[PDB]
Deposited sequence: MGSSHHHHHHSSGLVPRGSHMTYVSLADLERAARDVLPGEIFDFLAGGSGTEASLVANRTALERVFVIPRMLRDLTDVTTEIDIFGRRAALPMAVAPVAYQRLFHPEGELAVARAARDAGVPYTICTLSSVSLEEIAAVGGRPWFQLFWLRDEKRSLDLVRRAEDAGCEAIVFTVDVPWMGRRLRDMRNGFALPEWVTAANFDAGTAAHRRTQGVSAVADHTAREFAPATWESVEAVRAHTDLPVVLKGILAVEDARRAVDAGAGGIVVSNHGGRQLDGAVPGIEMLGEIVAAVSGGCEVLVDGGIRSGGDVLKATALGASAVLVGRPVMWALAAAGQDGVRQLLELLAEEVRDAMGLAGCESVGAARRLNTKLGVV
């Protein structure tokens, strides 16, 4: 919140790179308006002796129903870059998604420890992409976050792409899935039948996402498709969502709509630009407290109870 004010002050067009959406930015604003019209129906008088925000996802415990979204070139925002964010994420018990275009090599990020995920962009040489998957799995990464909604970038630098493009198809997905034992997570699913097909294709999860409004301008917000997608998947895979998550109440709204967890992107970068690793740990601490507070006020002792909350659209 006030964090973005600090990120704006400290350069200036790097900000617009971080904050911007594609085209008219109609999908960027719509992510927020979609969240703002969701209302939670809280439950009262339930035992809260042991409110816990922990979830199990991909066989591993997380402190919050949240992971750091893949954002490229994190040294654009702070000299420590991805190493700072990955350290704070590890300390907070939340997974950190290593970006294919990270300004620090993925093996260095994975060495920080914690719960590193690796976001894969499909390269036009198939075996370069599959090599990236092997490096991630060798480095102890716990999941392959296959970004599918970027056949090309939706309509500067510096400093480096320390890990070193084509449209990804369902064949690319099967190639990754055959090449790894890690859960494959498809990021950028918006159509209900794409979610069903993702389960059929063997994905361990999907991220319901319009890329923070950065790919197709006019794409439906992920939060607007979340409940339909959760019903269609019927527990067949983890369903994450991102786009405009700015508070613990937003996390609660997402989980009440059925999400397993959320990704948080831009705010984590604001906390990185302002106060580096300590600033990220600060944001994660604030988010952890807000999630815990929102869940208790809503009568939910666990994230699973929060998923059973009803909502109303306003």
Original post:
If you line up the deposited sequence with the model, which stretches have no C-alpha coordinates?
Top reply: 1-26, 37, 183-191, 195-196, 203-225, 376-377
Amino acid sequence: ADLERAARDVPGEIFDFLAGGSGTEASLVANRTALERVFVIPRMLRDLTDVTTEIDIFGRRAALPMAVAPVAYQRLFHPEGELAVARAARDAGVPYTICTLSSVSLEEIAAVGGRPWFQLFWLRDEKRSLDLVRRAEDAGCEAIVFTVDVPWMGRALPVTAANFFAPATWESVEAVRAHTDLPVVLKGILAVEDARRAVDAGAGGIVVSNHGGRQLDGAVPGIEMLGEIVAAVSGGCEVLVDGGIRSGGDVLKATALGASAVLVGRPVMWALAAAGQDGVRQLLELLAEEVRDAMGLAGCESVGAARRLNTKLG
From here on, numbers count along this sequence of modelled residues.
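Throughout, rigid core stands for the largest set of C-alpha atoms superposing within 1.5 Å between the two forms.
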Original post:
What stretch shows more C-alpha movement in 7 other deposited structures of this protein relative to this form, 121-129 or 184-192, after the core is superposed?
Top reply: 121-129
Subject >> Residue range whose averaged C-alpha B-factor is higher in the record, 165-173 or 197-205 >> reply: 165-173
Original post:
Looking only at CA atoms, which has the higher mean B factor in the entry: 260-268 or 279-287?
Top reply: 279-287
Subject >> Maximum C-alpha temperature factor, selected from 251, 38, 48, 62 >> reply: 48
Original post:
Which listed residue, 158, 183, 227, 222, has the largest C-alpha temperature factor in the record?
Top reply: 158
Original post:
Lowest, middle or highest third: where is residue 103 by Cα B-factor in its chain?
Top reply: highest
**OP:** Select lowest, middle or highest to describe the third in which the CA B-factor of residue 72 falls within its chain in this entry.
**Re:** highest
Subject >> CA B-factor placement of residue 234, once the chain's modelled residues are sorted into thirds >> reply: lowest
**OP:** Going by the recorded CA B-factors, say which third of the chain residue 123 sits in, lowest, middle or highest.
**Re:** highest
Original post:
Sorting the chain's CA B-factors, does residue 92 end up in the lowest, middle or highest third?
Top reply: middle
